[PDB]
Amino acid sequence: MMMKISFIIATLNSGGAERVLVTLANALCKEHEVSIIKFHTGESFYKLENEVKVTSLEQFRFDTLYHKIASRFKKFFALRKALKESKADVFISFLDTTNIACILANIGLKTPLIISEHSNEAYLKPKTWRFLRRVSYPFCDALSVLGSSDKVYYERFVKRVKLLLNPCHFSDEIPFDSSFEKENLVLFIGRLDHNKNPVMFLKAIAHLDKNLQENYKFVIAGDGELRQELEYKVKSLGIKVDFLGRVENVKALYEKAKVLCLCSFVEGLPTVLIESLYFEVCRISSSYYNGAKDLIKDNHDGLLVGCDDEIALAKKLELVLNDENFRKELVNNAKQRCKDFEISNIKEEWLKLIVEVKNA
């Protein structure tokens, strides 16, 4: 039997949740009828298959006080309309604020709703949103989480919670026996905000051996609020870092790069620590709040440092850059994890969850 699956997401931007949704939609869209409802107009940053149907809600004004109030109500009822008129067998929403909007908008309708979390629960800070999450999430039909820790957190007040790892689209594009001729290249890939902490990357570079700073390229791929302030820090520290902005061909960076650094305080299941597995990129990561050891076995397939510890990051960087055989050992061991994120097995566990929710 074919199922009509409608995803709901705020935008189809470059974020990691969007990357996961597009991979899921593309995998499901040939056997099943897949549609996406998004709150804002625009073309998908990630390439979406032609069978996936995309609709955007109507856009509204938010410039005057009247419109700042009336358009919030119009936006909610535009979503309720799109759900009413949808002939989906199941709704699947992405990201907490969107999950909450879908739970409220779906009140009284009968299509079941699966909500999907794409961060650690601790990432949501304001007490009012944590309250709304606490009171609305019990009314979903199922919740997908990214780690066992968030599973136990949510399971306390949500009936059906399932741990679903994210599929990586590189698992179907890069052959497992690929060889790479690496350059003296170090990457930071991610949004430039406080949580991602790119300043830790810059400070670590300034502490590297002269010998390394002059013979290595350090690349920041991504954009965000902190872009301008980071370029000043680069000047003030007297280092050479190349800001590429937001790049569409991250594959070319991964192919040439020896090392990637993640400096976040809080992550769900960081995509760059998965994508690196398929290109023999050595992973150095802060011990972001809670899931880091689920992706890196320290000194076996990668290296962990304390949060906000730019000195430790520099030493770990020097440890693999001054010892290529040790770096090669880490990335060889990391290859055993490539099978954990194949699209095929994760797609079927989503289909199992959809069937379990449709049969209740």
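Residues carry their position along the shown sequence, with the first being 1.
Mean CA temperature factor is higher for 230-238 when stretches 131-139 and 230-238 are set side by side in the entry. Stretches 312-320 and 65-73 differ in mean CA B factor, with 65-73 having the higher one. Out of 255, 225, 117, 275, it is 225 whose C-alpha atom has the highest B-factor in the PDB entry. For the set 193, 280, 214, 267, the PDB entry puts the maximum C-alpha B factor at 214.
In the PDB entry, a CA B factor belonging to the highest third of its chain's modelled residues is recorded for residue 172. Remark: residue 23 belongs to the lowest third of its chain, ranked by C-alpha B-factor as recorded. Per the deposited record, the Cα B-factor of residue 251 falls in the lowest third when ranked against the other modelled residues of its chain.
Among all modelled residues in its chain, residue 38 ranks in the middle third by Cα B-factor.
In the PDB entry, a CA B factor belonging to the highest third of its chain's modelled residues is recorded for residue 49.
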